[PDB]
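Data block for upload_38.pdb (PDB, N, CA and C atoms):
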```pdb
ATOM      1  N   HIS A   1     110.031  56.786  89.863  1.00  0.00           N
ATOM      2  CA  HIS A   1     111.485  56.480  89.822  1.00  0.00           C
ATOM      3  C   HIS A   1     112.201  57.441  88.875  1.00  0.00           C
ATOM      4  N   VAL A   2     111.889  58.725  89.017  1.00  0.00           N
ATOM      5  CA  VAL A   2     112.475  59.768  88.184  1.00  0.00           C
ATOM      6  C   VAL A   2     113.885  60.138  88.649  1.00  0.00           C
ATOM      7  N   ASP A   3     114.867  59.300  88.322  1.00  0.00           N
ATOM      8  CA  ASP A   3     116.253  59.564  88.716  1.00  0.00           C
ATOM      9  C   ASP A   3     116.689  60.940  88.221  1.00  0.00           C
ATOM     10  N   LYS A   4     116.836  61.045  86.906  1.00  0.00           N
ATOM     11  CA  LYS A   4     117.244  62.280  86.248  1.00  0.00           C
ATOM     12  C   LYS A   4     117.346  62.028  84.751  1.00  0.00           C
ATOM     13  N   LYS A   5     117.023  63.034  83.945  1.00  0.00           N
ATOM     14  CA  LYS A   5     117.068  62.881  82.494  1.00  0.00           C
ATOM     15  C   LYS A   5     116.186  61.708  82.083  1.00  0.00           C
ATOM     16  N   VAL A   6     115.114  61.521  82.840  1.00  0.00           N
ATOM     17  CA  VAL A   6     114.167  60.439  82.608  1.00  0.00           C
ATOM     18  C   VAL A   6     113.316  60.686  81.363  1.00  0.00           C
ATOM     19  N   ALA A   7     113.987  60.912  80.241  1.00  0.00           N
ATOM     20  CA  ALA A   7     113.312  61.157  78.974  1.00  0.00           C
ATOM     21  C   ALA A   7     114.289  61.017  77.813  1.00  0.00           C
ATOM     22  N   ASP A   8     115.486  61.579  77.981  1.00  0.00           N
ATOM     23  CA  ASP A   8     116.518  61.523  76.947  1.00  0.00           C
ATOM     24  C   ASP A   8     116.618  60.124  76.354  1.00  0.00           C
ATOM     25  N   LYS A   9     116.653  59.125  77.227  1.00  0.00           N
ATOM     26  CA  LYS A   9     116.739  57.736  76.797  1.00  0.00           C
ATOM     27  C   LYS A   9     115.687  57.451  75.734  1.00  0.00           C
ATOM     28  N   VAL A  10     114.489  57.971  75.953  1.00  0.00           N
ATOM     29  CA  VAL A  10     113.402  57.789  75.010  1.00  0.00           C
ATOM     30  C   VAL A  10     113.713  58.517  73.711  1.00  0.00           C
ATOM     31  N   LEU A  11     114.239  59.729  73.840  1.00  0.00           N
ATOM     32  CA  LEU A  11     114.588  60.527  72.674  1.00  0.00           C
ATOM     33  C   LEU A  11     115.621  59.810  71.817  1.00  0.00           C
ATOM     34  N   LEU A  12     116.703  59.349  72.433  1.00  0.00           N
ATOM     35  CA  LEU A  12     117.744  58.648  71.689  1.00  0.00           C
ATOM     36  C   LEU A  12     117.213  57.338  71.111  1.00  0.00           C
ATOM     37  N   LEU A  13     116.351  56.658  71.862  1.00  0.00           N
ATOM     38  CA  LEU A  13     115.771  55.398  71.401  1.00  0.00           C
ATOM     39  C   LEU A  13     114.849  55.620  70.205  1.00  0.00           C
ATOM     40  N   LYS A  14     113.989  56.628  70.298  1.00  0.00           N
ATOM     41  CA  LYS A  14     113.052  56.936  69.222  1.00  0.00           C
ATOM     42  C   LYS A  14     113.752  57.662  68.079  1.00  0.00           C
ATOM     43  N   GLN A  15     114.431  58.746  68.418  1.00  0.00           N
ATOM     44  CA  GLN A  15     115.145  59.550  67.437  1.00  0.00           C
ATOM     45  C   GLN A  15     116.305  58.775  66.827  1.00  0.00           C
ATOM     46  N   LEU A  16     116.749  57.728  67.524  1.00  0.00           N
ATOM     47  CA  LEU A  16     117.867  56.884  67.083  1.00  0.00           C
ATOM     48  C   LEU A  16     118.268  57.154  65.632  1.00  0.00           C
ATOM     49  N   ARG A  17     117.370  56.848  64.702  1.00  0.00           N
ATOM     50  CA  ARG A  17     117.642  57.071  63.287  1.00  0.00           C
ATOM     51  C   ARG A  17     117.956  58.540  63.038  1.00  0.00           C
ATOM     52  N   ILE A  18     116.999  59.397  63.350  1.00  0.00           N
ATOM     53  CA  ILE A  18     117.176  60.831  63.185  1.00  0.00           C
ATOM     54  C   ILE A  18     118.508  61.269  63.782  1.00  0.00           C
ATOM     55  N   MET A  19     118.855  60.657  64.908  1.00  0.00           N
ATOM     56  CA  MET A  19     120.092  60.970  65.606  1.00  0.00           C
ATOM     57  C   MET A  19     121.315  60.611  64.772  1.00  0.00           C
ATOM     58  N   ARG A  20     121.421  59.350  64.357  1.00  0.00           N
ATOM     59  CA  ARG A  20     122.574  58.926  63.564  1.00  0.00           C
ATOM     60  C   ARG A  20     122.640  59.719  62.262  1.00  0.00           C
ATOM     61  N   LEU A  21     121.480  60.004  61.673  1.00  0.00           N
ATOM     62  CA  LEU A  21     121.440  60.786  60.442  1.00  0.00           C
ATOM     63  C   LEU A  21     121.942  62.200  60.708  1.00  0.00           C
ATOM     64  N   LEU A  22     121.410  62.819  61.762  1.00  0.00           N
ATOM     65  CA  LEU A  22     121.810  64.172  62.133  1.00  0.00           C
ATOM     66  C   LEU A  22     123.286  64.195  62.501  1.00  0.00           C
ATOM     67  N   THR A  23     123.624  63.462  63.549  1.00  0.00           N
ATOM     68  CA  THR A  23     124.999  63.363  64.001  1.00  0.00           C
ATOM     69  C   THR A  23     125.750  62.377  63.110  1.00  0.00           C
ATOM     70  N   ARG A  24     126.414  61.402  63.722  1.00  0.00           N
ATOM     71  CA  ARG A  24     127.146  60.372  62.986  1.00  0.00           C
ATOM     72  C   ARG A  24     127.333  59.143  63.867  1.00  0.00           C
ATOM     73  N   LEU A  25     127.753  59.367  65.110  1.00  0.00           N
ATOM     74  CA  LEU A  25     127.962  58.280  66.061  1.00  0.00           C
ATOM     75  C   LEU A  25     127.939  58.822  67.486  1.00  0.00           C
TER      76      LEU A  25
END
```
As C-alpha coordinates - that is how I would like this structure written.
Amino acid sequence: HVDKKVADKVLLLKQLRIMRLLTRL
(Lines of atoms letter the chains of each structure in order from A and count residues from 1; the text may use other names and numbers.)
(Lines give C-alpha, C1' and ligand atoms only; values in the text may rest on other atoms or scores of the structure.)
Protein backbone atom coordinates (compact mmCIF):
# COMPACT_ATOMS: atom_id res chain seq x y z
CA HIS A 1 0.00 0.00 0.00
CA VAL A 2 2.81 2.37 -0.99
CA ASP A 3 0.70 5.44 -1.85
CA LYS A 4 3.52 7.99 -1.85
CA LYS A 5 5.99 9.47 0.65
CA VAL A 6 5.44 6.23 2.56
CA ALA A 7 8.22 7.10 4.99
CA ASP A 8 8.11 10.82 5.80
CA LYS A 9 5.33 10.10 8.28
CA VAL A 10 7.78 7.87 10.12
CA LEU A 11 10.46 10.55 9.97
CA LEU A 12 8.19 13.23 11.42
CA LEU A 13 6.85 10.77 14.00
CA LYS A 14 10.31 9.63 15.10
CA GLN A 15 12.21 12.85 14.48
CA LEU A 16 9.24 14.70 16.01
CA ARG A 17 11.44 16.05 18.81
CA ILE A 18 14.45 16.65 16.58
CA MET A 19 12.00 18.30 14.21
CA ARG A 20 10.46 20.77 16.67
CA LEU A 21 13.94 21.48 18.03
CA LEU A 22 15.37 22.01 14.55
CA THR A 23 12.39 23.88 13.15
CA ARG A 24 9.78 25.40 15.48
CA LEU A 25 6.29 24.37 14.35
- Go ahead and compute the interatomic distance for atom N of residue 25 (chain A) and CA of residue 3 (chain A), in Å to one decimal.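 Here the two named atoms are 26.3 Å from each other.
Within chain A, residues classed as alpha helix (DSSP H) by DSSP on backbone coordinates are residues 8, 9, 10, 11, 12, 13, 14, 15, 16, 17, 18, 19, 20, 21 and 22 of chain A.
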Around all listed atoms of region 2-21 of chain A, padded 6 Å per side, what centre and edge lengths does the axis-aligned box have in Å to one decimal, as AutoDock Vina command-line options?
```
--center_x 117.3 --center_y 59.2 --center_z 74.7 --size_x 22.8 --size_y 19.6 --size_z 40.6
```
Since the input lacks some atoms of region 10-25 of chain A, please model N, CA, C and O atoms and print them as a PDB file, keeping the file's coordinate frame.
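So the final result, stored in out00.pdb, reads:
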```pdb
ATOM      1  N   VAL A  10     114.489  57.971  75.953  1.00  0.00           N
ATOM      2  CA  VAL A  10     113.402  57.789  75.010  1.00  0.00           C
ATOM      3  C   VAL A  10     113.713  58.517  73.711  1.00  0.00           C
ATOM      4  O   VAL A  10     113.490  57.992  72.617  1.00  0.00           O
ATOM      5  N   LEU A  11     114.239  59.729  73.840  1.00  0.00           N
ATOM      6  CA  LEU A  11     114.588  60.527  72.674  1.00  0.00           C
ATOM      7  C   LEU A  11     115.621  59.810  71.817  1.00  0.00           C
ATOM      8  O   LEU A  11     115.439  59.672  70.613  1.00  0.00           O
ATOM      9  N   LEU A  12     116.703  59.349  72.433  1.00  0.00           N
ATOM     10  CA  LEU A  12     117.744  58.648  71.689  1.00  0.00           C
ATOM     11  C   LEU A  12     117.213  57.338  71.111  1.00  0.00           C
ATOM     12  O   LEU A  12     117.567  56.955  69.997  1.00  0.00           O
ATOM     13  N   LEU A  13     116.351  56.658  71.862  1.00  0.00           N
ATOM     14  CA  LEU A  13     115.771  55.398  71.401  1.00  0.00           C
ATOM     15  C   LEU A  13     114.849  55.620  70.205  1.00  0.00           C
ATOM     16  O   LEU A  13     114.911  54.888  69.218  1.00  0.00           O
ATOM     17  N   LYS A  14     113.989  56.628  70.298  1.00  0.00           N
ATOM     18  CA  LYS A  14     113.052  56.936  69.222  1.00  0.00           C
ATOM     19  C   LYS A  14     113.752  57.662  68.079  1.00  0.00           C
ATOM     20  O   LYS A  14     113.672  57.252  66.922  1.00  0.00           O
ATOM     21  N   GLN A  15     114.431  58.746  68.418  1.00  0.00           N
ATOM     22  CA  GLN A  15     115.145  59.550  67.437  1.00  0.00           C
ATOM     23  C   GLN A  15     116.305  58.775  66.827  1.00  0.00           C
ATOM     24  O   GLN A  15     116.786  59.131  65.760  1.00  0.00           O
ATOM     25  N   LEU A  16     116.749  57.728  67.524  1.00  0.00           N
ATOM     26  CA  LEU A  16     117.867  56.884  67.083  1.00  0.00           C
ATOM     27  C   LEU A  16     118.268  57.154  65.632  1.00  0.00           C
ATOM     28  O   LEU A  16     119.368  57.641  65.361  1.00  0.00           O
ATOM     29  N   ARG A  17     117.370  56.848  64.702  1.00  0.00           N
ATOM     30  CA  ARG A  17     117.642  57.071  63.287  1.00  0.00           C
ATOM     31  C   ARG A  17     117.956  58.540  63.038  1.00  0.00           C
ATOM     32  O   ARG A  17     119.053  58.893  62.606  1.00  0.00           O
ATOM     33  N   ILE A  18     116.999  59.397  63.350  1.00  0.00           N
ATOM     34  CA  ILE A  18     117.176  60.831  63.185  1.00  0.00           C
ATOM     35  C   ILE A  18     118.508  61.269  63.782  1.00  0.00           C
ATOM     36  O   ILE A  18     119.198  62.136  63.243  1.00  0.00           O
ATOM     37  N   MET A  19     118.855  60.657  64.908  1.00  0.00           N
ATOM     38  CA  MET A  19     120.092  60.970  65.606  1.00  0.00           C
ATOM     39  C   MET A  19     121.315  60.611  64.772  1.00  0.00           C
ATOM     40  O   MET A  19     122.161  61.465  64.513  1.00  0.00           O
ATOM     41  N   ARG A  20     121.421  59.350  64.357  1.00  0.00           N
ATOM     42  CA  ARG A  20     122.574  58.926  63.564  1.00  0.00           C
ATOM     43  C   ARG A  20     122.640  59.719  62.262  1.00  0.00           C
ATOM     44  O   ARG A  20     123.724  60.094  61.807  1.00  0.00           O
ATOM     45  N   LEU A  21     121.480  60.004  61.673  1.00  0.00           N
ATOM     46  CA  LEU A  21     121.440  60.786  60.442  1.00  0.00           C
ATOM     47  C   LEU A  21     121.942  62.200  60.708  1.00  0.00           C
ATOM     48  O   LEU A  21     122.797  62.712  59.986  1.00  0.00           O
ATOM     49  N   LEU A  22     121.410  62.819  61.762  1.00  0.00           N
ATOM     50  CA  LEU A  22     121.810  64.172  62.133  1.00  0.00           C
ATOM     51  C   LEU A  22     123.286  64.195  62.501  1.00  0.00           C
ATOM     52  O   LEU A  22     124.097  64.843  61.838  1.00  0.00           O
ATOM     53  N   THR A  23     123.624  63.462  63.549  1.00  0.00           N
ATOM     54  CA  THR A  23     124.999  63.363  64.001  1.00  0.00           C
ATOM     55  C   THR A  23     125.750  62.377  63.110  1.00  0.00           C
ATOM     56  O   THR A  23     125.691  62.481  61.889  1.00  0.00           O
ATOM     57  N   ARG A  24     126.414  61.402  63.722  1.00  0.00           N
ATOM     58  CA  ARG A  24     127.146  60.372  62.986  1.00  0.00           C
ATOM     59  C   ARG A  24     127.333  59.143  63.867  1.00  0.00           C
ATOM     60  O   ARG A  24     127.090  58.016  63.434  1.00  0.00           O
ATOM     61  N   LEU A  25     127.753  59.367  65.110  1.00  0.00           N
ATOM     62  CA  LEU A  25     127.962  58.280  66.061  1.00  0.00           C
ATOM     63  C   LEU A  25     127.939  58.822  67.486  1.00  0.00           C
ATOM     64  O   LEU A  25     127.688  58.032  68.419  1.00  0.00           O
TER      65      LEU A  25
END
```
